[PDB]
Amino acid sequence: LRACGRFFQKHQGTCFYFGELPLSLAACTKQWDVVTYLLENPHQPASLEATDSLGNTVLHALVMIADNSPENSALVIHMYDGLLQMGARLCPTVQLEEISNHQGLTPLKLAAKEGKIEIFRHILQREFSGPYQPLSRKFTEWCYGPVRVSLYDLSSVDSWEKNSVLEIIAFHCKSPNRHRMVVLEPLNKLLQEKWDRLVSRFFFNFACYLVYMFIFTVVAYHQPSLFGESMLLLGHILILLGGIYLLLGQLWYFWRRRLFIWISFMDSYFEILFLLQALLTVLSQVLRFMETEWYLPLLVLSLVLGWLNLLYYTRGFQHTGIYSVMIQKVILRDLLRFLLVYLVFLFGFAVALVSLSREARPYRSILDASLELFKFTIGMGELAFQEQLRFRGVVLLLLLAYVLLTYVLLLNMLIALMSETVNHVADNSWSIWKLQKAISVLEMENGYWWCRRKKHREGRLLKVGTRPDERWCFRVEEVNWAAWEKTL
Amino acid sequence: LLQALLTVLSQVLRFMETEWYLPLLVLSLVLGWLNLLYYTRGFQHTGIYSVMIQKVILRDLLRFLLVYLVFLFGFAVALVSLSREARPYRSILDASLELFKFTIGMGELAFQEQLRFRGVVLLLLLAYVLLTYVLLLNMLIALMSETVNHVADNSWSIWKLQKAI
Amino acid sequence: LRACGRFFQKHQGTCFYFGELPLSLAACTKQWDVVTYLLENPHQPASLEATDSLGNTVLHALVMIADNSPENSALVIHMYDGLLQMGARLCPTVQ
Ligand SMILES: CCCCCCCCCC(=O)OC[C@H](COP(=O)([O-])OCCN)OC(=O)CCCCCCCCC
Ligand SMILES: CCCN(CCC)S(=O)(=O)c1ccc(C(=O)O)cc1
């Protein structure tokens, strides 16, 4: 029986999702004796293959109910393992972790999409001995001193498969946890192996974009008044073709990412800025063929965006690529809040200084007063007792009021930013850079919109046991003195 | 070694009578006085402060400089291209210098009356100012987050190593 | 016998340096009973003067394997001292 009404569905209100079935309730409430009874009573045994209204099996239900705390996750890991070990008795021919819900997700793929690092790490690295060895995803090949060599099973994991765990973490997962998931084994060595095969394609793509931005600059400089002339025309055609090429390449990106489009740009803001630079490059050449002089401010905007977009490629090296992650932060969220306070001050004082500076015994218009009042924040204030104005003492008191209120506001704003951002949290920039390299790899593996690359398959087909049990395994070698010495 | 090479080179260029001896003599005069800060290690108070002050800032400013120079050059080629049409910014050097003056507080931010695209030139300056001051705010907060950690001050011992060397 | 192939050398990849000798392995794996047996069995006593391919003795091997953590360093200090104290029995003229 499925408890399927809105109280039992997963949503932001008052609810309790446990799956929908008696067996999934008994698992999520941590009742082995009830789970054992429901599974192996003679009257009506609970099928481990049974699914709720979302298609979730009890293993998807346990992944939905995992929280990344040590008390929940350790007990969900035990509940998951004993149900999987009971599946090997009760359903011996059935691969319970190959059962897909209505989103096409297995329990491992669902743990990646929902960002559940603790149960994800456990499933991904799972190892057993004796009867349950085929339920492993990790097989130790040999161990010697501080060194372990392990084969990891890549079945749902390698990006050779469509809708794989790597594609999910990069493009379908919403969570803060994505950068912690790409730095787990085997994913860390597997993404390094892919990156090493593609780093020459990454820097070729950068060198083409440097040559395009050199030509863009040499043609935006050397514009005529509004052999050198035919080379200028060639430069405009190369910019049109580079602008159409980038416009088609980014429309293909957003077409492929359509179902999860916000997830595919929330951190990856350059995928919008390359589309915008390409649109403005095509629009500026179109306005130039129309001969309208508004082509030049579009060409110059797409030249600025063109060089700002060159900062995308700083992720290719650890030192620049981690710093591009250290620098950009929570400041973008709070400056957009401070800007509302700063613009009510700036406009409120601008309409006032304009109204009062109108009478004779700067400040000529709302734009000019907004600009003179804005110059106080760049240190160019021009603060003076204006001799010709009738109300010159009140105009000076309005400037002294604006200065004091604005510098109190900037002092409040800097101290508010320090209070949230200088917290001592250990720096998570290396792992956010590893996720930027993962997103870059998983895009490069498709080739280009015009030349769609045939994907190479990672690891080797190896016999790990008797199901024989032959799997695409990937060999990781770990050296760990600090963990090993504690076992001596 | 550099101050000594430039001192020998500047006297060699002076014996050659080439007027480029003077900018080498003046560079080796600057380095000459900067090198006088070596001897601050002879006393505990100046010698520990020479160790408090120099730090991880030299590593991260060389990373920020790549971001700042892509902004500065990207906006300089743009303001030069757009300020070319009549109804500052005469060359890549002059626009790089006018845009650099915004970081020393000497910005000269204005609605230029004679330029055809003067509103777009002002919007390009307001875009550069806002992006650069967001970048400097990100850079200062990034530096505080690594360098204000509460680690107990290891300057007395780094000064003892300077005295050992 | 010297375990001297690249897995046993010290480098930035996958490796396990212990010196290269049975006695240096027994010391770095913290096995006094094996260290005592290798040093003072009657069949073939391990020379405390014996060296790997870098010329490292067991005392250089223990210095290579020290980490500045309190658990590693305290146990390396005990392993180093007992080998040095055994050198005063087994190699009494040798510094
Ligand atoms: C259609 C058939 C003809 C194909 C011609 C060759 C295409 C090469 C494509 C390539 O190198 O693109 C690099 C860059 C986009 O970078 P990105 O997709 O990695 O990252 C995008 C951001 N996510 O895009 C560019 O630099 C623009 C390409 C045009 C300029 C080529 C200059 C060549 C100089 C040697
Ligand atoms: C490829 C050689 C591997 N070796 C260690 C490297 C020197 S090994 O000593 O042969 C060995 C060690 C341990 C195990 C095991 O734990 O199953 C098996 C083999």
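Computation of the quantities below employed the complete heavy-atom set of this structure, encompassing side-chain atoms and omitting hydrogens, waters and symmetry-equivalent molecules. So that the names make sense, note that chain A is the first sequence line, chain B the second, and so on, each numbered from 1. Counting starts at 1 for both ligands and their atoms, in listed order.
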task = Specify the protein heavy atom at minimum distance from atom 29 (C) of ligand 1: its residue, its atom name, and the distance to 0.1 Å.
result = A/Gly242 CA, 4.2 Å
request  = Could you find the nearest protein heavy atom to atom 6 (C) of ligand 2 and give me its residue, atom name and distance?
outcome  = C/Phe7 CE2, 3.8 Å
message = Under 4.0 Å, heavy-atom basis, I'd like to know which part of A/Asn309 is in contact with ligand 1: side chain, backbone, both or neither.
response = neither
message = Nearest 0.5 Å, please: how far is CG in B/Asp60 from CE in B/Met139?
response = 10.0 Å
ask   = Taking the inter-plane angle between the rings of C/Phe7 and C/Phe16 on a 0 to 90° scale, is it parallel (under 30°), tilted (30 to 60°) or perpendicular (over 60°)?
value = tilted
query = Does the protein place any heavy atom closer than 4.0 Å to atom 5 (C) of ligand 1?
reply = no
Sub-4.0 Å atoms of ligand 1 with respect to non-hydrogen atoms of A/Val211 = 34 (C)
inquiry  = Checking a contact table here: which protein heavy atom is nearest atom 13 (C) of ligand 2, and how many Å away?
reply    = A/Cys143 O, 2.9 Å
Inter-residue atom distance A/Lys455.NZ - A/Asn446.CG, 0.5 Å rounding = 4.5 Å
ask   = Do A/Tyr448 and A/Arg201 come within less than 4.5 Å of each other through their side chains, counting heavy atoms only?
value = yes
Minimum-distance protein heavy atom relative to atom 31 (C) of ligand 1 = A/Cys208 CB, 4.1 Å
Side chains of A/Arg315 and A/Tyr312 in contact at under 4.5 Å (non-hydrogen atoms) = yes
message = Before you tell me yes or no, could you show the steps for A/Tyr209 and A/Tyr212 under ring-ring contact (aromatic ring centres under 6.0 Å, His included), namely the whole-Å CA-CA distance, both residues' side-chain angles and the distance that decides it to 0.1 Å?
response = CA-CA 5 Å; A/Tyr209 192 80; A/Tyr212 166 75; 5.7 Å; yes
ask   = Which pair of heavy atoms, one from A/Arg137 and one from A/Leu154, lies closest together, and at what distance?
value = NH2-C, 4.1 Å
ask   = Looking at A/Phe204, which atoms of ligand 1 are within less than 4.0 Å of one of its heavy atoms?
value = 11 (O)
task = Would you please classify the geometry between the A/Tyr313 ring and the A/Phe274 ring as parallel, tilted or perpendicular, with 30° and 60° separating the classes?
result = perpendicular
key: Region of A/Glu443 that comes within reach of ligand 1 [heavy atoms, distance under 4.0 Å]   = neither
request  = Give a yes or no on whether atom 2 (C) of ligand 2 lies under 4.0 Å from any heavy atom of the protein.
outcome  = no
Any N/O pair A/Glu271/ligand 1 closer than 3.5 Å = yes
Pair A/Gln125-A/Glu185, side-chain donor/acceptor within less than 3.5 Å = no
inquiry  = Determine whether any protein heavy atom is located less than 4.0 Å from atom 34 (C) of ligand 1.
reply    = yes
message = Looking only at protein heavy atoms, which one is nearest to atom 28 (C) of ligand 1, and what is the separation?
response = A/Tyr245 CD2, 3.7 Å
request  = If you have a sec, work out which protein heavy atom is nearest atom 10 (C) of ligand 1 and how many Å separate them, to one decimal?
outcome  = A/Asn205 OD1, 3.9 Å
query = Within the structure, does at least one protein heavy atom fall under 4.0 Å of atom 16 (O) of ligand 2?
reply = yes
note = among protein heavy atoms, the one nearest atom 14 (C) of ligand 2 is A/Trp142 CB, 3.4 Å
ask   = What's the spacing between A/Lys437 NZ and A/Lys194 NZ if we round to 0.5 Å?
value = 14.0 Å
ask   = So how far is it from A/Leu299 CG to A/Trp294 CH2, rounded to the nearest 0.5 Å?
value = 14.5 Å
remark   = Given the options A/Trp255, A/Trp252, A/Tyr253, A/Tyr245, A/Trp449 meets ring pair (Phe, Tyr, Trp, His ring centres under 6.0 Å) only with A/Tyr245
query = Side chain, backbone, both or neither: which part of C/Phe8 has a heavy atom under 4.0 Å from ligand 2?
reply = side chain
ask   = Nearest protein heavy-atom contact for atom 24 (O) of ligand 1: which residue, which atom, what distance?
value = A/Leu246 CD2, 3.4 Å
query = Considering only the protein, which heavy-atom contact is closest to atom 8 (S) of ligand 2, and what is its distance?
reply = A/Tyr144 CD1, 4.9 Å
message = Is it the case that ligand 1 has an N or O less than 3.5 angstrom from some N or O of A/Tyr313?
response = yes
key: B/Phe75 and B/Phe71 aromatic ring geometry - parallel, tilted or perpendicular at 30°/60° bounds   = perpendicular
ask   = So which protein heavy atom does atom 26 (O) of ligand 1 come closest to, and at what separation?
value = A/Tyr209 N, 3.0 Å
